[PDB]
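2 protein chains.
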Amino acid sequence: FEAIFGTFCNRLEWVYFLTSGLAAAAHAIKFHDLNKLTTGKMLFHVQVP
Amino acid sequence: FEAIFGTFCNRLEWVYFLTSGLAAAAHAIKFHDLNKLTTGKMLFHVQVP
Numbered sequence: 050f051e052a053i054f055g056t057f058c059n060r061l062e063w064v065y066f067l068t069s070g071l072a073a074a075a076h077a078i079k080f081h082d083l084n085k086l087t088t089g090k091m092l093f094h095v096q097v098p
Numbered sequence: 050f051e052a053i054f055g056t057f058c059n060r061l062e063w064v065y066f067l068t069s070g071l072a073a074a075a076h077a078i079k080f081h082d083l084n085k086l087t088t089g090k091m092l093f094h095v096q097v098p
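Next up, the structure:
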């Protein structure tokens with residue numbers, strides 16, 4: 050006879066965005082209506098000494 | 050629509066003569082009547098051994 054000793058299944062290494070070093074450079078917000086906005090803008094007012 | 054987020058005004062930082070290290074090189078005297086005069090003289094008397 051030939052013997053099949055066993056079948057092994059791989060184990061996945063799950064990851065998330067908020068649990069990684071690159072996330073510190075980021076800052077994450079949920080909005081639910083992003084399709085409706087056209088462009089987001091800042092606005093800076095600066096005075097020079 | 051077009052979304053405008055928070056607007057920022059410059060957080061201008063203050064600086065002073067006294068707080069600077071250059072003030073140690075200086076002696077600072079305030080004198081409310083300085084406008085009237087234009088002459089300031091000091092005199093040195095030395096005898097050499």
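If you read the sequences in order, they're chains J and I.
The first sequence begins at 50 in the deposited numbering and counts up one residue at a time.
The second sequence begins at 50 in the deposited numbering and counts up one residue at a time.
Each residue gets a CB set at the ideal place from its N, CA and C atoms; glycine is no exception.
Asked, Found
"Proximity of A72/J and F66/J at Cβ, strictly below 8 Å", "yes"
"Residues that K90/J contacts on chain I, provided the C-beta gap is smaller than 8 Å", "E51, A52, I53 and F54"
"Bridge partners - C58/I, DSSP secondary structure assignment", "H94/J"
"Cα-Cα separation between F54/I and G89/J, rounded to whole angstroms", "7 Å"
"Contact list for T87/J against chain I, beta-carbon separation under 9 Å", "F50, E51 and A52"
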